[PDB]
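*Asks:* First the structure, which I've put down as C-alpha cells, then a few questions once you've had a look.
Protein chains in written order, with PDB author numbering: chain A, 2 to 181, 191 to 222; chain A', 2 to 181, 191 to 222. A prime marks a further copy of an entry chain.
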C-alpha cells in the first residue's frame, strides 16, 4: 500500500510495542533500535509503574511518535478526561475500545480534534477470550468508527481474511495498524517481544525491516 | 464549474503531481500519460536531484505547463530571488506559502507580474501536523490572498466543507486546485501516486478522467 498524506507516516512501517515495565530497560532497549523506528506504542504497565512523564521522555530522547495503548473503555465524561491527561502528557495518539459504544468513542474524538492529536479505534483483539464477545462485534465496531469519521484503526493479529474484511469496511485510505502479506492491507505492523526480548534487539528489528 | 477565461486552462481538469525523484523515471512515466494531461506539478526532490533544467525539458518534451511546487516560505528579498530563478528556468507558475505573511507573498506576486507568470497561494495542507498551526490560519491566509489580488490557490485534500469555505472566501472566479464532488468547488484536481505508482499509469489516468 502507498502512503496516504492525511494519515501518519510511520517510518519503515514498523511500530515498536515497548511493553517493558521498567524505565531503564524500556529506554535502553528502545535506544538499541532507534534507527529502525520512529513510532513507539506504550501501555499502562510502563506508565503506571514509572509515571506519565515517560511519554515526553521518549519523544525527546528518540524524536519518536508515541501511541498510548490505553484501550480507553469508560463512560464519555471519563474518556474525555483520560484523553485530555494523555495528550497533555504529550501522546501523539491514543487507542480506544469501541465496545462501550458511540458516545464513548465520540468523547475521545472531541478531545483529539481540540488538541490536534489522533484516536485509534481498536476493532478486535486476538487473544483466545476475544471469541466470546469481541469477535462478534468487530465488524459493527469498525462500521461505527467509519460512521463517526475515525481515520485510524487497530485490527487483528492472526488472520489475513480479517484484515481484508476490516480494510473493506474502513475504506482504502484510513490508517490501519496490525500486531505481528499483512502490509497489503495494514499500513504498519506492531512488533514487541520479537524485538525487545531478542538477544540482539537491533538484529531482530533489522531483520523484520529488510523483510518489509 | 465552467472555465473562466482569465485563469489557466488545465486539460481534463487533471494535474499530474510528478513526484518521482529520478529524471529517467519521471520522464518515462509522464510520457506514458501525456495524452491525459497538459499540466504537471514538479517539486524540490526532482529538481534538487536532477537540476532546474528539468523544468524546460518537461515543457519541450511534452508541451506541458509546469507548476513549481516549491512552497516558497522565506523573507521577501529571498522569495523574490527564488521566484525569479524558477521563472527563468521556465516554470509557468509557483506555489507559495502564506504563513510568512503579506510582504513575503507580495514579493512573489511582483516577480510573476513582471515575468508574465503566476503565483498560487497555498492556503492549507492536509497532513496530520497541519492541525497545529496551518488549519487555524487557513481562512486568514486565503483572505490575505484575496486582498492582494491573488487569483490562484491550492486548497485542502480531504474535507469537502473546507473547499466550499475556501471557494466562498476567494470568490467564484479565482482558480482553485485541490490534491486528490471536488470539482464542484475546485477547478482542477492534483493526482500523483494513484497514477505514477500504478502498475499501469495510463489506465489509472484514463480511469480518473472518465470519472471526471
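The beta-carbon is built from N, C-alpha and C at its ideal position, and this holds for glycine as well.
1) Mind pulling the chain A' residues with CB within less than 8 Å of residue 148/A?
2) Using 10 angstroms around the beta-carbon of residue 87/A', count the other beta-carbons present and answer buried if the total reaches 16, otherwise exposed.
3) In the structure shown, what three-state DSSP assignment does residue 37/A' receive?
4) Where do the N-terminal and C-terminal ends of the alpha helix (DSSP H) with residue 112/A fall, by residue?
5) Hey, quick one: how far does the beta strand (DSSP E) through residue 139/A' stretch, first residue to last?
6) Mind checking residue 169/A: buried by the 16 CB within 10 Å criterion, or exposed?
7) Output needed for residue 101/A: all residues of its chain with C-beta closer than 6 Å, excluding positions within five of it in sequence on either side, in chain order.
8) Please look up how many angstroms separate the CB atoms of residue 67/A and residue 104/A, rounded, as I've assumed it's under 8 Å.
9) Going by the CB atoms, is the gap between residue 38/A' and residue 13/A' shorter than 8 Å?
10) In chain order, which continuous runs of the alpha helix (DSSP H) of length 4 or greater are located wholly inside the segment 9 to 74 of chain A'?
11) I want to see whether chain A' comes within less than 8 Å of residue 8/A, judged by CB atoms only; does it?
12) If we cut at 8 Å on Cβ distances, does residue 3/A have a partner in chain A'?
13) Residues bridged to residue 198/A' by DSSP?
14) Would you kindly check if the distance between the Cβ of residue 71/A and the Cβ of residue 31/A is under 8 Å?
15) The beta strand (DSSP E) that contains residue 94/A', what's its start and end?
16) How is the alpha helix (DSSP H) around residue 167/A delimited, first residue to last?
17) Does residue 78/A come out as helix, strand or coil in the three-state DSSP assignment?
18) What are the boundary residues of the alpha helix (DSSP H) that residue 220/A is part of?
19) Count the CB pairs spanning the segment 131 to 146 of chain A' and the segment 43 to 52 of chain A' that are closer than 8 Å, and state whether there are at least three.
*Replies:* Reading it off the structure:
1) Within chain A', no residue comes near residue 148/A; the closest Cβ sits about 16 Å away, beyond 8 Å.
2) buried
3) coil
4) 103 to 116
5) If you look at residue 139/A', you'll find it isn't in any beta strand (DSSP E); it sits in the alpha helix (DSSP H) that goes 135 to 148.
6) exposed
7) 74
8) Their Cβ separation, rounded to whole angstroms, is 26 Å, which puts residue 67/A and residue 104/A out of contact at 8 Å.
9) yes
10) 24 to 33, 45 to 51, 54 to 63
11) yes
12) yes
13) 178/A'
14) no
15) 94 to 98
16) 161 to 171
17) helix
18) Segment 211 to 221, the alpha helix (DSSP H) holding residue 220/A.
19) With the rule of 3 Cβ pairs closer than 8 Å, the segment 131 to 146 of chain A' does not count as touching the segment 43 to 52 of chain A'.
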